[PDB]
Amino acid sequence: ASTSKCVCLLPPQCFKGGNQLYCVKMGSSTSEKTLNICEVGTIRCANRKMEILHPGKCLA
């Protein structure tokens, strides 16, 4: 569909990214949820979030 990128895949499509493990934690204020690395690239499109907790941590 162009004009530049993919662009920024739908979050429900990351559910197909089950058992991919790797590095995930926290998020935007009031989140604290475990996920798949699929969403790491998606959440960065809208930025903010992240802030991986040091005590977890990876947890790969």
# chains A, B, ... in the order shown; residues from 1 in each chain; ligands from 1
call {"tool": "residues_around", "arguments": {"residues": "residue 23 in chain A", "least_positions_apart": "3", "cutoff": "10 Å", "atoms": "only C-alpha atoms", "output": "PDB file with N, CA and C atoms, in the first residue's frame"}}
result
ATOM      1  N   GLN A  20       7.431 -16.013  21.035  1.00  0.00           N
ATOM      2  CA  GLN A  20       8.631 -15.423  20.449  1.00  0.00           C
ATOM      3  C   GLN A  20       9.596 -14.997  21.545  1.00  0.00           C
ATOM      4  N   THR A  34       3.711  -8.470  30.580  1.00  0.00           N
ATOM      5  CA  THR A  34       4.634  -9.312  29.802  1.00  0.00           C
ATOM      6  C   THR A  34       4.078  -9.462  28.393  1.00  0.00           C
ATOM      7  N   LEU A  35       4.957  -9.426  27.382  1.00  0.00           N
ATOM      8  CA  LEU A  35       4.534  -9.458  25.985  1.00  0.00           C
ATOM      9  C   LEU A  35       5.466 -10.235  25.060  1.00  0.00           C
ATOM     10  N   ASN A  36       5.376  -9.951  23.749  1.00  0.00           N
ATOM     11  CA  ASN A  36       6.250 -10.498  22.715  1.00  0.00           C
ATOM     12  C   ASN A  36       6.996  -9.331  22.066  1.00  0.00           C
ATOM     13  N   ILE A  37       8.197  -9.586  21.529  1.00  0.00           N
ATOM     14  CA  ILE A  37       9.039  -8.549  20.909  1.00  0.00           C
ATOM     15  C   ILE A  37       8.410  -7.898  19.672  1.00  0.00           C
ATOM     16  N   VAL A  40       7.296  -4.390  20.404  1.00  0.00           N
ATOM     17  CA  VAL A  40       8.382  -3.456  20.709  1.00  0.00           C
ATOM     18  C   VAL A  40       8.564  -2.454  19.584  1.00  0.00           C
ATOM     19  N   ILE A  52      11.799  -0.197  30.530  1.00  0.00           N
ATOM     20  CA  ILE A  52      11.979  -1.559  31.032  1.00  0.00           C
ATOM     21  C   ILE A  52      12.441  -1.574  32.482  1.00  0.00           C
ATOM     22  N   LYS A  57      14.814  -8.591  34.633  1.00  0.00           N
ATOM     23  CA  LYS A  57      14.696  -7.425  33.758  1.00  0.00           C
ATOM     24  C   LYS A  57      14.470  -8.086  32.415  1.00  0.00           C
ATOM     25  N   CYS A  58      15.540  -8.705  31.895  1.00  0.00           N
ATOM     26  CA  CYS A  58      15.548  -9.592  30.752  1.00  0.00           C
ATOM     27  C   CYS A  58      16.187 -10.867  31.287  1.00  0.00           C
ATOM     28  N   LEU A  59      15.429 -11.953  31.541  1.00  0.00           N
ATOM     29  CA  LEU A  59      14.013 -12.194  31.234  1.00  0.00           C
ATOM     30  C   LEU A  59      13.749 -12.213  29.724  1.00  0.00           C
ATOM     31  N   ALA A  60      14.596 -12.981  29.018  1.00  0.00           N
ATOM     32  CA  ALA A  60      14.521 -13.216  27.581  1.00  0.00           C
ATOM     33  C   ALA A  60      13.632 -14.440  27.299  1.00  0.00           C
TER      34      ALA A  60
END
call {"tool": "residues_around", "arguments": {"residues": "residue 26 in chain A", "least_positions_apart": "2", "cutoff": "8 Å", "atoms": "only C-alpha atoms", "output": "list in words"}}
result
residues 24, 28, 31, 32, 33, 34, 49, 50, 51, 52 and 53 of chain A
call {"tool": "write_last_selection", "arguments": {"atoms": "N, CA and C atoms", "output": "compact mmCIF listing (two decimals), in the first residue's frame"}}
result
# COMPACT_ATOMS: atom_id res chain seq x y z
N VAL A 24 10.98 -8.10 26.87
CA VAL A 24 9.78 -7.29 27.06
C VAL A 24 9.44 -7.04 28.52
N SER A 28 3.97 2.28 28.92
CA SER A 28 3.61 3.64 29.31
C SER A 28 3.05 3.56 30.72
N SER A 31 1.10 0.16 33.34
CA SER A 31 1.00 -0.97 32.42
C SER A 31 1.48 -2.28 33.08
N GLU A 32 2.82 -2.45 33.21
CA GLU A 32 3.48 -3.61 33.82
C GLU A 32 3.02 -4.96 33.28
N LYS A 33 3.09 -5.15 31.96
CA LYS A 33 2.64 -6.39 31.34
C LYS A 33 3.71 -7.12 30.52
N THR A 34 3.71 -8.47 30.58
CA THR A 34 4.63 -9.31 29.80
C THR A 34 4.08 -9.46 28.39
N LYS A 49 5.99 5.11 26.10
CA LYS A 49 6.08 3.77 26.68
C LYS A 49 7.47 3.35 27.16
N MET A 50 7.87 2.12 26.79
CA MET A 50 9.15 1.49 27.12
C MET A 50 9.40 1.44 28.62
N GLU A 51 10.53 2.02 29.07
CA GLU A 51 10.92 2.09 30.48
C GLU A 51 10.99 0.69 31.11
N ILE A 52 11.80 -0.20 30.53
CA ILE A 52 11.98 -1.56 31.03
C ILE A 52 12.44 -1.57 32.48
N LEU A 53 11.73 -2.34 33.33
CA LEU A 53 12.07 -2.45 34.75
C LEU A 53 13.38 -3.19 34.98
call {"tool": "atom_distance", "arguments": {"atom1": "CA of residue 21 in chain A", "atom2": "CA of residue 7 in chain A"}}
result
23.0 Å
